[PDB]
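The data below hold one chain only, encoded as structure tokens and taken in the form deposited in one PDB entry.
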């Protein structure tokens, strides 16, 4: 990592700082996955090995639950895939390790195959990851123990297990340092370890964005970075108010952020936009609605697992209409529910409903999110793809170009996603 260095960032543990200028769109560095796993729901849609999306992926003939571009990808994936190939046959319907277990199994396999420092650990090694072991409550430890039991239960034929203490440290490290890989529409693809990328601290006004080229992580400047400046990503969805962001940061990462966004709260008021109405909603009425909104968000998070698509849409409508007594359409809590509703429409292949939702989401998104934001870019892309399918060519092309302009900065001009999107314009 030539023009960067590891340092002690006061109050933030270890960090990464620049030793040379980076301009907007510059590639700071890339980092090959140390370990990674394609999410179960994407099997048969993306190659397990390289994450390429393709119809007609070649199926593993033993387990019938792993798919590849070709024999090369299948062969290359085998050292990792063998941890699950036979167990999936043996266990059948009962094979259900969490994705965290699946990834941690591959970390252990990699440590056996390649004990020495890898090219993904030039500045920070997996073994050096922060765990926050001393901060875990009974709830978190109970979860880690359940994962350790699943790891032993499902992987015992192919993996050597370290002792319980070591596995607790490892799973905690995975929690603190683990990445999720998303596609160009920000759909969940899988989980990965990128040790050098894990070195970067958080800010709610980040100067870099991490994107993915298959299983390769790339890090590009979204603000000008000068020598001596610390390099920050955002660990979280930047849509939400300062309190909401920090509750998540404390809960998952055990810190409170003190960036300019969290210090000033300059953007909080517009995020929680209140209807004028001439006779304004009172302070405690506004307090109560924010509390209810944050509760329905959680209520919905778990509601997905049971309820039907029509049922989920119903509760989006109901909460939307309840909040609209006080909240503007641009209100972040209203945006959240609208965004969930859009996802339900897309699954239902109700393209027109999806589109009507996207159109009400996009302008507020552009306001609340930073200048270059993958959340904004992916919304433009979904919009453009929806317009194109409805044969709204002009509107489609416009929205796709909006996506490209952001993506050229975050993903690089030469990124395969940009070529693909340009081909959707030429077709």
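Residue numbers count along the first chain shown, from 1.
Not on display, but discussed next: the form deposited with a partner chain bound.
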| query | finding |
| --- | --- |
| 103, 231, 170, 272 - the one with a heavy atom within 4.5 Å of the partner chain in the deposited bound form | 103 |
| Residue among 352, 128, 224, 185 with a heavy atom within 4.5 Å of the partner chain in the deposited bound form | 185 |
| Contact stretch among 191 to 199, 319 to 327, 161 to 169, 274 to 282 - heavy atom within 4.5 Å of the partner chain in the deposited bound form | 191 to 199 |
| 4.5 Å heavy atom contact, residue 111 to the partner chain in the deposited bound form | no |
| 4.5 Å heavy atom contact, residue 399 and the partner chain in the deposited bound form | no |
| 4.5 Å heavy atom contact, residue 252 to the partner chain in the deposited bound form | yes |
| Touches the partner chain in the deposited bound form: residue 308 (any heavy atom, 4.5 Å) | no |
